[PDB]
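Engineer: Before I ask anything, here's the sequence and the deposited coordinates:
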Amino acid sequence: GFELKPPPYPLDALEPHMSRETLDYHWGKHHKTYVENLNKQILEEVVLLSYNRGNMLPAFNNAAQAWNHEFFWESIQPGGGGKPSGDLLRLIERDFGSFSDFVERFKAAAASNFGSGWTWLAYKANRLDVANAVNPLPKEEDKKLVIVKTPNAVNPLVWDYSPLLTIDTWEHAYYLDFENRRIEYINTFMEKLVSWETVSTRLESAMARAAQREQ
Amino acid sequence: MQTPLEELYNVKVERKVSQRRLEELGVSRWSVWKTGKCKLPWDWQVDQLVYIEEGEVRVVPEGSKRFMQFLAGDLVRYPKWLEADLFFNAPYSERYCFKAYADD
Amino acid sequence: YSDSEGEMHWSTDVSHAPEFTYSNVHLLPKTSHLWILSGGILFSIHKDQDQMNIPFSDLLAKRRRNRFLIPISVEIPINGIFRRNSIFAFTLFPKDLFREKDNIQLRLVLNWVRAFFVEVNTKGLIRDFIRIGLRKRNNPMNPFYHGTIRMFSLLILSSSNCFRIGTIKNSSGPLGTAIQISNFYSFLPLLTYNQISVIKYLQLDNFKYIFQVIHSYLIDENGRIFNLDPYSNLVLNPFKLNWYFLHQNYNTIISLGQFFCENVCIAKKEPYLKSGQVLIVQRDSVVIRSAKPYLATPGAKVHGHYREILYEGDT
Amino acid sequence: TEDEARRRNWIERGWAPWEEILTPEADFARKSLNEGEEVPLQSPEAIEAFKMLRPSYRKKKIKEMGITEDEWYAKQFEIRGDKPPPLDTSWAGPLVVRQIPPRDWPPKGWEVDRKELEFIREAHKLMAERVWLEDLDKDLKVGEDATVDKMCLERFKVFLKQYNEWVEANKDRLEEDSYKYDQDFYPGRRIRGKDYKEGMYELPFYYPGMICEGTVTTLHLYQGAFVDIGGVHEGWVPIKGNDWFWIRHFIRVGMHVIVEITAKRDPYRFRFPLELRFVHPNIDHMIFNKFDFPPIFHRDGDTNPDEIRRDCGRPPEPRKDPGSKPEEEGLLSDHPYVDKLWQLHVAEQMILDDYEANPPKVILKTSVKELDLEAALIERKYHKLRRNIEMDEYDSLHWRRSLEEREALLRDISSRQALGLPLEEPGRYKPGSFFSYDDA
Amino acid sequence: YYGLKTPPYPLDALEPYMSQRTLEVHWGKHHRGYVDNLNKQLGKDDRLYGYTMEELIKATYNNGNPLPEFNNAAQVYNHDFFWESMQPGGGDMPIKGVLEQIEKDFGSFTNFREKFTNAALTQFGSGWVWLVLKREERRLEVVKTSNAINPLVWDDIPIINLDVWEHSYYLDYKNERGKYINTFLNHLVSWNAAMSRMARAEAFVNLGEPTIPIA
Ligand SMILES: [Fe+3]
Ligand SMILES: [Fe+3]
């Protein structure tokens, strides 16, 4: 029995960037329904099991969306925006040139995601379940940061990626605050809401996940 | 027939790519593939963007008597589900990137 | 027996139901004629009415996918053919960095195959090798170096079975592009109804707009509506840019598909017709598809369903 | 029963009771053989048929009816049986048209002024304007107010200027190509030779949606009706098979019709480049047999079936499903150039050996000018080898290429499964019934 | 090039079932944006120019590997078809040949209504719900598609359209898609439009029965 956790901030704490009315419907109605329907059909293990190597089982849409929204609420904070630091900034500059270049590519991906979906910053340290898929001599640059778009409920977990940041591009996430203006919603997300300390924290776990596999 | 192979097989080509377009695509971060005189059969399972840096390749679709020729400086997009033989007759070098649905 | 290859036709006096459910035999309650219409495959490009203009030391060795080369004494069978679990030799390869999954597998017993010699020559020097080997990417010529299809079963129609028996002035041409009328909801205008469709699909509010004759309106590029004469049939010629009258206001002997006997007379001053079915009707000529009638008496049995292909010599 | 079988033959097998125009001998044979073998003919039909076996009796019978011989010869070619209910074509409001240049102007490979073309292309947005029948009266121009000079046709006139320039420069070339490719004339082919008249409309003058007035020129039992719409190609209304049994009563050669262009195609590939439907008379309710695809030519240069089906809109040649998922197959790392490197490696090593000593068969010639003996000799004197290392780095590049395709394939699968997009090429892969050393 | 076609009614004519503000954003921003984006693409490709709208959608669909122009080309047709699918004083039941065909292909209008409702309730994410006329089978069906896909890509003839993209109902109903579907069937769906679309479709399908001589 999975439970709907509240966001780590008060529902009025994202004003004026994200209104309480949006949070009342996005979390109180959409996210709540995903958890309620998931419990009738029965979290990371559930998402992988219900994905079923592409032949998605009935529980996948509820399970993946429930995980996605919980990940989404932790990706933002009332005093977000700015720039990251530490190893995250070093990796961003290594794989995107500079932080400014990364922001433009991330915004463009979120803008061009057609229909309902999610845009992810992920740490790519995947392993494949096929034969002759192991590199004898890894170069240590193969574990890199990537920007990936997914439709509907899909998340990078189904390809054994490590998500670090996401933005919800379903229209219900921004229509009460920006109507059709998704560009302004994306720009507001990266300048006022994004929590880089949470993204940095998730990077450490992803790095440790790869380190444990290599030993 | 009268219709060129590029039109029939939906092989988008952008011969003589400007440097600005290369940087917009981020070609400098693409992986490198090279070969000598050989023949490569392949069936594309996803779209592939190829920027040829040196040499030339002649692409013969499955069952075809004609070929498509791409030279250094051309940007080629091989479509998904394409089956062809790639022929090389000299040193060849390229930078490639595979594209899933949407992406680019 | 059928004198020629073709398809079977009968008009009347042959029972449509077979004599038995499984069989293809039909009875004749009356005397009738059975016609054999004369006639001469990828199924994705050959379709109905297509026109066919064309007729139908280990460092010298190597280990690859399902194959390997060898410059341990090698024992090859007499025929050069290996079966499963066969001994061929009683570190062979450079131990490549990558090894693809192969159906073949060593054990030296071959298990999972042909063997032949490979020789490399350069400037009068010879080095022999033994090559033992077993989706488009899995493949193991160099660009640098009549008849009309009748399908329903295929027959070819050609000249061997079809033969010929021998304002401004109004001109045929375009009237313009019909535009959507919002009253009729359709992006491409309905233009006309037939007797059946007017009863099924005519809305109540559109009964006032049903007309027995044609009415022509012209919209120019600024949105103005022109009629010239709203009580006659006048349209604009798009090439000459002038008005002209329509032909009608829109309020031969031989018929298509008829069968002829071998000496039917169409007119006293004309040569006798040949047997067959009228395939093409034109202003002053007709093209006939050759057919041969067979007379059959009551109680006879027809071997084949309608339009069944019969080859020469078939019963 | 003998009601469903007759219906089954009509619908499934295309049966129709086509008229059989019999000679007197054939007519007598069918009427007399129904009575017996050698019996006195009793039925009035067989008795009359016996009399008609003499043409002298027929002439006497014809004179007594007051008709001529040729009229009697024409009465035997008459459609028997009942007649279909007569057509009642109703106009769905008035016919309202615009003069819109075809969207596909200009033809491929023909250069026009792009500034004039953009002026022409402005008229294509006029299709979005809404017109209501309650509004074609408020400012209607009639009589002297509806002369041609009063109308704004500036964008269509610029198209006409470009069209006439194209016609005068390509008219002879198009006729030459018609003779080169099409041996004999046929409805749908280009009118040429003595039959050509200046002023006939070329194909780029037409576009789907246009309304034309024309005359029926040819009826084909298996193809349809061909209509002259003032062009160098005749239009084609697809009608075939049983439908002609009733439609022949209404669609006749030489009669004037109103047609709408539904498709325009390339005459090199398609037999009938102009596809039409009858607007007046409306016979939509009488047409049941449809063409799955428009018929095409199979020409001299068409050697690859996969290329032919791409030139038209036809499905791929089906194949048996492999039964294995491509995303679950092992990666490929054998670079195709490695086999060439191996031959060069062997050639260098055997040349080095000769240098020391004397300072079913396939033969592989190797050139000395494609070998790097300067580096090989230094490696030989110093003592895997460099060429073996060179083979592994080519394998690594090929393995990396396979890995990146598989990773993109895995993401592509998830997107397509979520959005209901095909994983395999549609039409391909039809289903069934359609057709140790290392460790030692 | 294609123009932006006005709906066949004023933007406040669907009140109170579909608000004027919904029409202003849905038609004036979403539909307008699709037209403007499509026209830019058509101005660079002379081959895609010159296709009819139906031909362009089928060509850009590319047998399941859509070209970049497909999303804009499909959406402009979908929205034009959608505005004509609704009328002031719509809803209730169809009459004459539309009712007869529905009763023949579904058993009754009640069976059709449940199938249409269930297809609209179970379409996950953005998409469309269609009443279609099957060309090969010569019967009506209920089909749901995702994102911009329309039945034209499979040579089917649309009859009635319903937009279940979130932007079409979120201002008036928020997460209550079921109320939006029920309102569409009760007060908005235009069966008069379906009558004419079936009449146009009868030029290619011939839903009648042939007259077969007894001879
Ligand atoms: Fe959401
Ligand atoms: Fe919409």
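Structural biologist: Nice, thanks for sending it over. Residues are numbered from 1 along each chain as shown, chains lettered A, B, ... in the order given. Ligands and ions are numbered 1, 2, ... in the order given.

Engineer: Not counting sequence-adjacent ones, nearest residue to residue 174?
Structural biologist: In the absence of a named chain, this looks at chain A. Leaving out its chain neighbours, the residue that sits closest to residue A:174 by Cβ to Cβ, 6 or more residues apart in numbering or on different chains is residue A:185, at 3.9 Å. All C-beta atoms are positioned from the backbone trio N, CA, C, and that covers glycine.

Engineer: should've been chain E
Structural biologist: Nearest one to residue E:174, counting by Cβ to Cβ, 6+ apart, is residue A:25 at 5.5 Å.

Engineer: Relative to residue D:310, how far out is that neighbour?
Structural biologist: 49 Å (Cβ to Cβ, to the nearest Å).

Engineer: Spatially central residue for the chain, please.
Structural biologist: No chain specified, so I'll use chain A. residue A:166 (2.8 Å; Cα atoms, centre = their mean).

Engineer: Oops, wrong one, chain B.
Structural biologist: residue B:76 (4.1 Å).

Engineer: Tell me the secondary structure at it.
Structural biologist: When classified by DSSP: H, G, I helix; E, B strand; the rest coil, residue B:76 comes out as strand.

Engineer: I'd say it and residue B:10 touch.
Structural biologist: No: taking Cβ atoms under 8 Å as the definition, residue B:76 is not a contact partner of residue B:10, at 11.7 Å.

Engineer: What is the burial count for the residue nearest to residue E:174?
Structural biologist: Using other Cβ atoms under 10 Å in any protein chain shown, residue A:25 is surrounded by 20 other residues.

Engineer: What of the one 5 residues further on?
Structural biologist: Using other Cβ under 10 Å, the number of residues around residue A:30 comes to 17.

Engineer: Next one: it relative to chain D, how far apart?
Structural biologist: 18 Å (Cβ to the nearest Cβ, to the nearest Å).

Engineer: Identify the residues contacting that residue.
Structural biologist: For residue A:30, the contact set (Cβ atoms under 8 Å, 6 or more residues apart in numbering or on different chains) comprises A:69, A:172, E:175.

Engineer: what's the answer for residue A:38, then?
Structural biologist: A:2, A:46, A:59, A:62-63, A:66.

Engineer: Next, find the distance separating it from chain D.
Structural biologist: 18 Å.

Engineer: Now the most centrally placed residue in chain D: phi and psi?
Structural biologist: Nearest to the geometric centre of chain D sits residue D:294, at 3.5 Å (Cα atoms, centre = their mean). With angles defined as degrees, to the nearest 10, residue D:294 sits at phi -70, psi 140.

Engineer: does the closest residue in space to residue C:97 that isn't next to it in sequence belong to a helix or a strand, and which?
Structural biologist: Using Cβ to Cβ, 6+ apart and skipping the chain neighbours, the partner closest in space to residue C:97 is residue D:392 (4.3 Å). Assessed by DSSP states H and E, residue D:392 sits inside helix D:386-419.

Engineer: Repeat that for residue C:269.
Structural biologist: Counting by DSSP H and E, residue C:269 is part of no helix or strand.

Engineer: Over to residue D:28?
Structural biologist: Going by DSSP H and E, residue D:28 is part of helix D:24-32.

Engineer: what sits against the residue in chain B that chain A sits nearest to?
Structural biologist: Relative to chain A, the nearest point of chain B is residue B:102 (5.8 Å; Cβ to the nearest Cβ). By Cβ under 8 Å, 6+ apart, the contact set of residue B:102 is A:112-114, A:149, A:151, D:415.
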